[PDB]
2 protein chains.
Amino acid sequence: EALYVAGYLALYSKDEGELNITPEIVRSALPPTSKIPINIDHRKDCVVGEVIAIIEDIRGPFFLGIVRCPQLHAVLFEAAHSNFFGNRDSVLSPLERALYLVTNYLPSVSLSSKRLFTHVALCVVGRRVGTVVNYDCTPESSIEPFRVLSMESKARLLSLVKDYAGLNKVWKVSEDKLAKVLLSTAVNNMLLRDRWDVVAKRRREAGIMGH
Amino acid sequence: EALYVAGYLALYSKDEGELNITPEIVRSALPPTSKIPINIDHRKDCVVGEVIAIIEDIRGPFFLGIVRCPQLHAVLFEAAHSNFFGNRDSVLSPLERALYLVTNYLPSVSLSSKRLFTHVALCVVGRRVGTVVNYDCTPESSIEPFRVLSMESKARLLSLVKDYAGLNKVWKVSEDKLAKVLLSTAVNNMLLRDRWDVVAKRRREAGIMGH
C-alpha cells in the first residue's frame, strides 16, 4: 500500500529571489540523471520514497512521487490518540487513515535544488509559493485535483509512471529515528502563525481547488 | 537545573460545564493527600516533575510545580534545527534555551481532576480557560508575571516551596519514549487553528500580562 504525492516543485517567478527556479534550469535539469529521492525534513538518513517523474508545466515543474515506507504509517498511527477518527471512520477508512494523517502533518514539499536536483523534502510549509502537495493512493488521483494542470500534462505523467518499475520497493526507516525526524518537524515549526492559512493559499496557488 | 511552572489549574466558572471547578471542590481537595505529579500528554508512563504546591486564589486554584527531568531537555535540544536560536543567543542563553523550547512547545496545563486531584498534564492548549502557564528557573520567577495574583498569595506559595524537600529528585524518562510522547502532542494537535491566538488570550486571562 503506497501513497503517491504530486505537486509543483516551484512556480516560475512567484517563489521569489534565490529560491527562484526558471526554464533554463528546468529543461537543463530534466530528465534528471540521478533518480531523485523523497525524504522528510531534508534528512538524508530519512528517505521514504522517490520521485518517479517530473515534467515541465506552463506554470512550473510538476512532479509525482511514491512514498512506500511501512514505518512512516506505523509511527504516526501510534502517535494519534485513541480517538483521532471517530466511529464514522471505523465504518469507512483502512489505509486512507494513513493518508489522512500524512497529508495533514506533512503538507508541503521542498526541492533542495543542487542547481539541478538532489532531493524533495516533505514538511509543514516550504520556502516556495505553490509548494502545497496532494497525496492519494493511485497516481491518477494525486494529480486529479490540480484544476489548472492540462489533461495533456496529467496524461504525460501517468505514462511515465507506467514505465517506472520499482513501484514495489519498500523504504524502511526505523520507528525510533522516524519518531525523531517527525518530532523535529514539529519543534522547528511551533512558532509559525496562520499555519493553515498559509497552507490554505499555497493550495489555491497550486490549482488544488478541488471542491 | 530545574524548571518551575506556575499557573491556574482552572478559573472559577469560566472553564465551563463538567470541566467546571468550584470552591466546595477546591477546599475539600487541598491540601491534596497524594503528592500530585506532572506528566506530558496525560502519559502515566511519562511523568517529568511534581506539583510542589496548590493554593486557592480568589480567581481559582493556582499551582507551582517542579519539572526536573534531564531527558526532557536533551530530546528537544536534539529536535531543534542547527539554527533555532541565532548567535545573539550564543552570546547569552545556557539552560534558558531549554526553557525557551519547553515554554513554546508545551504552553498549557491540564488538571485531570479525579474529583480531587490525580495529575497535571503539560500540552499545547487545555480544555480550560486560563490554563496557559509560565515556566522559569526559580519559584519566585514562575509566579512573578501573574499581574493579578496577590503578593499575599505569591508569598504563600514561595513559603510552601521552602518546606518542599525533594527539590533534587531528577525524573528520568527515556529519550526513545519521550520523543514519542512529544511527537504525540504534535500529531494530536495539528488541526487546531489560531493556536497562538488561543494561547494569546488564555495568557491574558491568567493575568500573565507581563510586558
# chains A, B, ... in the order shown; residues from 1 in each chain; ligands from 1
call {"tool": "select_by_dssp", "arguments": {"residues": "stretch 48-147 of chain A", "states": "helix (DSSP H, G or I)", "output": "PyMOL selection string"}}
result
chain A and resi 70-79+87-90+96-105+139-142
call {"tool": "write_last_selection", "arguments": {"atoms": "N, CA, C and O atoms", "output": "CSV table (one decimal), in the first residue's frame"}}
result
chain,number,residue,atom,x,y,z
A,70,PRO,N,6.7,1.4,5.1
A,70,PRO,CA,5.8,0.8,6.1
A,70,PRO,C,5.9,1.5,7.5
A,70,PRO,O,4.9,1.7,8.1
A,71,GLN,N,7.1,1.9,7.8
A,71,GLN,CA,7.3,2.5,9.1
A,71,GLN,C,6.6,3.9,9.3
A,71,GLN,O,6.0,4.2,10.3
A,72,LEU,N,6.6,4.7,8.2
A,72,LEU,CA,6.0,6.0,8.2
A,72,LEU,C,4.6,6.0,8.6
A,72,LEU,O,4.1,6.9,9.3
A,73,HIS,N,3.8,4.9,8.3
A,73,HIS,CA,2.4,4.8,8.8
A,73,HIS,C,2.3,4.3,10.2
A,73,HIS,O,1.4,4.7,10.9
A,74,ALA,N,3.2,3.4,10.5
A,74,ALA,CA,3.1,2.8,11.9
A,74,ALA,C,3.4,3.8,13.0
A,74,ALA,O,2.6,3.8,13.9
A,75,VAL,N,4.4,4.6,12.9
A,75,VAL,CA,4.8,5.6,14.0
A,75,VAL,C,3.7,6.7,14.2
A,75,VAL,O,3.5,7.1,15.3
A,76,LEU,N,3.1,7.1,13.1
A,76,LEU,CA,2.1,8.2,13.1
A,76,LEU,C,0.8,7.6,13.7
A,76,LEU,O,0.3,8.1,14.7
A,77,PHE,N,0.4,6.4,13.2
A,77,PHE,CA,-0.8,5.7,13.8
A,77,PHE,C,-0.7,5.6,15.3
A,77,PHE,O,-1.6,5.7,16.0
A,78,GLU,N,0.5,5.3,15.7
A,78,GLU,CA,0.8,5.1,17.1
A,78,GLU,C,0.6,6.5,17.8
A,78,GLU,O,-0.1,6.6,18.7
A,79,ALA,N,1.2,7.5,17.2
A,79,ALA,CA,1.1,8.9,17.7
A,79,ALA,C,-0.4,9.5,17.9
A,79,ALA,O,-0.6,10.2,18.9
A,87,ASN,N,-16.1,6.9,14.9
A,87,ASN,CA,-16.5,5.6,14.5
A,87,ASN,C,-17.1,5.8,13.1
A,87,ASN,O,-17.2,4.8,12.4
A,88,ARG,N,-17.3,7.0,12.7
A,88,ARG,CA,-17.8,7.3,11.4
A,88,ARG,C,-16.7,7.0,10.4
A,88,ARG,O,-17.0,7.0,9.2
A,89,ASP,N,-15.5,6.8,10.9
A,89,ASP,CA,-14.3,6.4,10.1
A,89,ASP,C,-14.2,4.9,10.2
A,89,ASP,O,-13.8,4.3,9.2
A,90,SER,N,-14.4,4.4,11.4
A,90,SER,CA,-14.4,2.9,11.6
A,90,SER,C,-15.1,2.3,10.4
A,90,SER,O,-14.5,1.7,9.5
A,96,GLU,N,-6.5,4.7,4.2
A,96,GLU,CA,-6.9,6.1,3.9
A,96,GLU,C,-6.7,6.9,5.2
A,96,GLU,O,-6.8,8.1,5.2
A,97,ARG,N,-6.5,6.2,6.3
A,97,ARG,CA,-6.3,6.7,7.6
A,97,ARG,C,-4.8,7.1,7.7
A,97,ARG,O,-4.5,8.0,8.4
A,98,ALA,N,-4.0,6.4,6.9
A,98,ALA,CA,-2.5,6.7,6.9
A,98,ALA,C,-2.5,8.0,6.2
A,98,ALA,O,-2.0,9.0,6.6
A,99,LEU,N,-3.1,7.9,5.0
A,99,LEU,CA,-3.1,9.1,4.1
A,99,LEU,C,-3.7,10.3,4.7
A,99,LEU,O,-3.2,11.4,4.4
A,100,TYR,N,-4.7,10.2,5.6
A,100,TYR,CA,-5.3,11.4,6.3
A,100,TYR,C,-4.3,12.0,7.2
A,100,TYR,O,-4.3,13.2,7.4
A,101,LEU,N,-3.5,11.2,7.9
A,101,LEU,CA,-2.5,11.6,8.9
A,101,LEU,C,-1.3,12.3,8.2
A,101,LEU,O,-0.9,13.4,8.6
A,102,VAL,N,-0.8,11.7,7.2
A,102,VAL,CA,0.4,12.2,6.5
A,102,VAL,C,0.1,13.4,5.7
A,102,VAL,O,1.0,14.3,5.5
A,103,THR,N,-1.1,13.6,5.2
A,103,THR,CA,-1.4,14.8,4.4
A,103,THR,C,-1.5,16.0,5.4
A,103,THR,O,-1.0,17.0,5.1
A,104,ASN,N,-2.1,15.8,6.6
A,104,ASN,CA,-2.2,17.0,7.5
A,104,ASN,C,-0.9,17.3,8.2
A,104,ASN,O,-0.7,18.5,8.6
A,105,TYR,N,-0.1,16.3,8.5
A,105,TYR,CA,1.2,16.5,9.2
A,105,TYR,C,2.3,17.1,8.3
A,105,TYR,O,2.9,18.1,8.7
A,139,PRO,N,-1.6,7.0,-8.8
A,139,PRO,CA,-1.0,8.2,-9.4
A,139,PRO,C,-2.0,9.2,-10.0
A,139,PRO,O,-1.9,10.4,-9.9
A,140,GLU,N,-3.0,8.6,-10.7
A,140,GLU,CA,-4.0,9.5,-11.4
A,140,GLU,C,-4.9,10.2,-10.4
A,140,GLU,O,-5.6,11.1,-10.8
A,141,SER,N,-4.8,9.9,-9.1
A,141,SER,CA,-5.6,10.6,-8.1
A,141,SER,C,-4.9,11.7,-7.4
A,141,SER,O,-5.5,12.6,-6.8
A,142,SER,N,-3.6,11.5,-7.3
A,142,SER,CA,-2.7,12.5,-6.7
A,142,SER,C,-2.8,13.8,-7.5
A,142,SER,O,-2.9,14.9,-7.0
call {"tool": "interface_residues", "arguments": {"of": "chain A", "to": "chain B", "cutoff": "6 Å", "atoms": "only C-alpha atoms", "output": "compact mmCIF listing (two decimals) with N, CA and C atoms, in the first residue's frame"}}
result
# COMPACT_ATOMS: atom_id res chain seq x y z
N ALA A 79 1.18 7.53 17.20
CA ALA A 79 1.07 8.91 17.75
C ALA A 79 -0.35 9.48 17.93
N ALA A 80 -1.23 9.17 16.98
CA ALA A 80 -2.61 9.63 17.02
C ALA A 80 -3.29 9.07 18.27
N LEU A 183 9.32 14.37 14.99
CA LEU A 183 9.18 15.25 16.13
C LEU A 183 9.91 16.53 15.76
N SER A 184 11.00 16.40 15.00
CA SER A 184 11.80 17.55 14.60
C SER A 184 11.09 18.53 13.69
N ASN A 188 10.62 22.50 15.20
CA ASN A 188 11.09 23.51 14.27
C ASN A 188 10.00 24.16 13.46
call {"tool": "closest_residue", "arguments": {"among": "B:85, B:117, B:12, B:4", "to": "residue B:31", "atoms": "only C-alpha atoms"}}
result
B:117
call {"tool": "atom_distance", "arguments": {"atom1": "atom CA of residue B:2", "atom2": "atom CA of residue B:149"}}
result
23.1 Å
call {"tool": "select_by_dssp", "arguments": {"residues": "stretch 49-176 of chain A", "states": "strand (DSSP E)", "output": "MDAnalysis selection string"}}
result
chainID A and resid 49:56 61:67 108:113 118:123 134:136
call {"tool": "write_last_selection", "arguments": {"atoms": "N, CA, C and O atoms", "output": "tab-separated table (two decimals), in the first residue's frame"}}
result
chain	number	residue	atom	x	y	z
A	49	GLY	N	10.72	7.37	0.02
A	49	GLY	CA	10.10	7.17	-1.27
A	49	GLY	C	11.01	7.78	-2.30
A	49	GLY	O	12.16	8.11	-1.97
A	50	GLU	N	10.53	7.92	-3.54
A	50	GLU	CA	11.32	8.52	-4.61
A	50	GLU	C	10.46	9.11	-5.72
A	50	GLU	O	9.47	8.49	-6.15
A	51	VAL	N	10.83	10.31	-6.17
A	51	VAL	CA	10.13	11.00	-7.26
A	51	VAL	C	10.18	10.07	-8.50
A	51	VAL	O	11.26	9.77	-9.00
A	52	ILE	N	9.02	9.63	-8.98
A	52	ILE	CA	9.02	8.76	-10.15
A	52	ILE	C	8.99	9.52	-11.47
A	52	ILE	O	9.21	8.91	-12.51
A	53	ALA	N	8.76	10.83	-11.43
A	53	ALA	CA	8.72	11.67	-12.64
A	53	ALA	C	8.47	13.15	-12.36
A	53	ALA	O	7.73	13.51	-11.45
A	54	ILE	N	9.07	14.00	-13.19
A	54	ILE	CA	8.95	15.47	-13.09
A	54	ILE	C	8.81	16.03	-14.52
A	54	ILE	O	9.60	15.69	-15.39
A	55	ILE	N	7.78	16.83	-14.78
A	55	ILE	CA	7.66	17.40	-16.10
A	55	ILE	C	7.75	18.87	-15.94
A	55	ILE	O	7.79	19.39	-14.83
A	56	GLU	N	7.66	19.55	-17.07
A	56	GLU	CA	7.74	20.99	-17.08
A	56	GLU	C	6.40	21.52	-17.53
A	56	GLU	O	5.98	21.25	-18.66
A	61	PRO	N	7.67	23.34	-12.57
A	61	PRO	CA	7.94	21.90	-12.56
A	61	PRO	C	6.83	21.23	-11.77
A	61	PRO	O	6.51	21.69	-10.66
A	62	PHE	N	6.25	20.15	-12.31
A	62	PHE	CA	5.18	19.39	-11.64
A	62	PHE	C	5.70	17.96	-11.46
A	62	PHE	O	6.18	17.37	-12.42
A	63	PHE	N	5.61	17.42	-10.25
A	63	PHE	CA	6.14	16.09	-10.01
A	63	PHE	C	5.18	15.12	-9.43
A	63	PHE	O	4.17	15.49	-8.87
A	64	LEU	N	5.57	13.86	-9.49
A	64	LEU	CA	4.78	12.77	-8.95
A	64	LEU	C	5.81	11.90	-8.23
A	64	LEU	O	6.96	11.79	-8.68
A	65	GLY	N	5.46	11.35	-7.09
A	65	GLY	CA	6.44	10.55	-6.42
A	65	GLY	C	5.75	9.45	-5.68
A	65	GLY	O	4.52	9.45	-5.55
A	66	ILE	N	6.54	8.48	-5.23
A	66	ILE	CA	5.98	7.39	-4.48
A	66	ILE	C	6.59	7.37	-3.06
A	66	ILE	O	7.78	7.63	-2.86
A	67	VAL	N	5.70	7.24	-2.07
A	67	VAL	CA	6.08	7.17	-0.67
A	67	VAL	C	5.52	5.82	-0.19
A	67	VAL	O	4.33	5.64	0.06
A	108	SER	N	3.58	20.16	2.81
A	108	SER	CA	4.37	20.73	1.72
A	108	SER	C	5.61	19.93	1.28
A	108	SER	O	6.05	19.00	1.95
A	109	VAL	N	6.18	20.33	0.15
A	109	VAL	CA	7.35	19.68	-0.44
A	109	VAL	C	8.41	20.71	-0.71
A	109	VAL	O	8.10	21.75	-1.28
A	110	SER	N	9.66	20.39	-0.38
A	110	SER	CA	10.79	21.29	-0.56
A	110	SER	C	11.82	20.70	-1.49
A	110	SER	O	12.38	19.67	-1.20
A	111	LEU	N	12.05	21.37	-2.61
A	111	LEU	CA	13.02	20.92	-3.63
A	111	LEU	C	14.39	21.44	-3.31
A	111	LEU	O	14.72	22.58	-3.66
A	112	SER	N	15.20	20.64	-2.65
A	112	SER	CA	16.55	21.10	-2.36
A	112	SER	C	17.28	20.99	-3.70
A	112	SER	O	17.79	19.92	-4.08
A	113	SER	N	17.19	22.07	-4.49
A	113	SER	CA	17.83	22.09	-5.79
A	113	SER	C	19.30	22.11	-5.50
A	113	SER	O	19.70	22.58	-4.44
A	118	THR	N	18.60	16.91	-6.53
A	118	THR	CA	19.16	16.41	-5.26
A	118	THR	C	18.06	15.63	-4.54
A	118	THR	O	17.98	14.40	-4.70
A	119	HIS	N	17.18	16.32	-3.82
A	119	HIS	CA	16.09	15.63	-3.15
A	119	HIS	C	14.92	16.55	-2.84
A	119	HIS	O	15.09	17.78	-2.77
A	120	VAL	N	13.73	15.94	-2.71
A	120	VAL	CA	12.44	16.58	-2.42
A	120	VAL	C	12.13	16.32	-0.94
A	120	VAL	O	12.06	15.16	-0.53
A	121	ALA	N	11.91	17.36	-0.14
A	121	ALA	CA	11.61	17.19	1.28
A	121	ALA	C	10.13	17.37	1.58
A	121	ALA	O	9.43	18.12	0.91
A	122	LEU	N	9.61	16.61	2.53
A	122	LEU	CA	8.22	16.75	2.92
A	122	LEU	C	8.29	17.61	4.19
A	122	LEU	O	9.17	17.41	5.01
A	123	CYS	N	7.36	18.54	4.39
A	123	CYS	CA	7.42	19.42	5.54
A	123	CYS	C	6.09	20.14	5.77
A	123	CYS	O	5.17	19.92	5.02
A	134	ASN	N	-0.55	17.17	-2.80
A	134	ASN	CA	-1.67	16.29	-2.67
A	134	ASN	C	-1.11	14.88	-2.64
A	134	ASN	O	-0.11	14.59	-3.30
A	135	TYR	N	-1.70	14.05	-1.79
A	135	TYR	CA	-1.34	12.64	-1.58
A	135	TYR	C	-2.61	11.82	-1.82
A	135	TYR	O	-3.71	12.27	-1.48
A	136	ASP	N	-2.46	10.62	-2.38
A	136	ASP	CA	-3.60	9.70	-2.60
A	136	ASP	C	-3.07	8.31	-2.85
A	136	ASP	O	-1.86	8.12	-2.79
call {"tool": "atom_distance", "arguments": {"atom1": "atom CA of residue B:211", "atom2": "atom CA of residue B:158"}}
result
22.7 Å
